[PDB]
Amino acid sequence: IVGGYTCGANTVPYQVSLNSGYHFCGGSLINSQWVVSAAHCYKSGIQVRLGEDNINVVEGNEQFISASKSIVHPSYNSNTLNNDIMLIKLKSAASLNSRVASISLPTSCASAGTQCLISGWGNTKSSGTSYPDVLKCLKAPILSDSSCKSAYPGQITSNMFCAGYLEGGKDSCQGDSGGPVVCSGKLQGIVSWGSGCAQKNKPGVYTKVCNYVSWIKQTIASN
Ligand SMILES: [Ca+2]
């Protein structure tokens with residue numbers, strides 16, 4: 001997260017870190033056994049880390065649970081990043097508490113202009129590299145479909161939306177990938193892609209979760 005703020009320990013209790021020997025992507029806990037992340041975050045040997053603030057210090061509220069299964073969207077296209085969504089099932093149920101909690105799925109898609117909360121342990125610089133230890137947050141508005149399509153001509157599908165600030169300075173970034181965009185209490189986006197980070201006229205692009213609630217529910221009902 002570029003241009004963001006320190007969230008405060010455990011104030012984003014649905015935020016997970018995916019670890020394969022190191023933090024490599026975010027995710028969102030949607031019930032005690034399931035995490036939503038980005039398909040482009042697929043790797044084998046994932047450990048889900050719940051209840052994290054400082055990802056490099058054991059602070060006492062963590063739950064580390066291995067993935068039992070990963071399910072990339074059937075229509076995920078890594079070339080275009082269309083359908084950039086994946087489910088991760090945990091080997092054991094998380095213990096839900098004040099610091100580890102699920103986030104609601106959407107029933108309807110989010111309004112343009114809605115201020116949403118994006119979070120993660122990704123790069124905090126727009127030029128150069130600095131990865132934070134503690135969880136960073138950013139409040140960012142959903143942009144109009146027209147301004148999103150203008151920004152990335154030919155590349156935006158109905159399964160994507162843009163959010164952020166056209167003037168630059170505030171954005172999600174590498175390492176935040178797979179993490180949540182929460183609007184009005186619902187998981188409406190997943191951190192997916194963008195041209196650089198926090199650059200003028202190049203806003204963040206997010207998976208539009210409300211297009212996937214039927215697949216999410218059917219998959220969790222069968223696995
Ligand atoms: Ca920790």
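Each ligand, and each atom within it, is numbered from 1 in the order the structure gives. Here, residue 1 is the first one in the sequence, and each next residue gets the next number. Only heavy atoms go into these numbers, but all of them, side chains included; no hydrogens, no water, no symmetry mates.
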Inset, instruction - Consider only side-chain N and O atoms of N54 and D133, and report whether a donor and an acceptor are under 3.5 Å apart. - result: no

Inset, instruction - Assess the side chains of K69 and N223: does a donor N or O sit below 3.5 Å from an acceptor N or O? - result: yes

Inset, instruction - Name the orientation class of the two ring planes belonging to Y212 and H73 (parallel below 30°, tilted from 30 to 60°, perpendicular beyond 60°). - result: perpendicular

Legend entry - Atom name, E62 (N, O or S, nearest to the Ca ion (ligand 1)): OE2

Inset, instruction - Kindly give the atom name of the N, O or S atom of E52 closest to the Ca ion (ligand 1). - result: OE1

Inset, instruction - Look at the N, O or S atoms of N54, main chain and side chain alike, and state whether any lies under 3.0 Å from the Ca ion (ligand 1). - result: yes

Legend entry - Contact check: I55 to the Ca ion (ligand 1), N/O/S below 3.0 Å: no

Legend entry - Crowding at NZ, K91 (>12 non-hydrogen neighbours, <6.0 Å): no

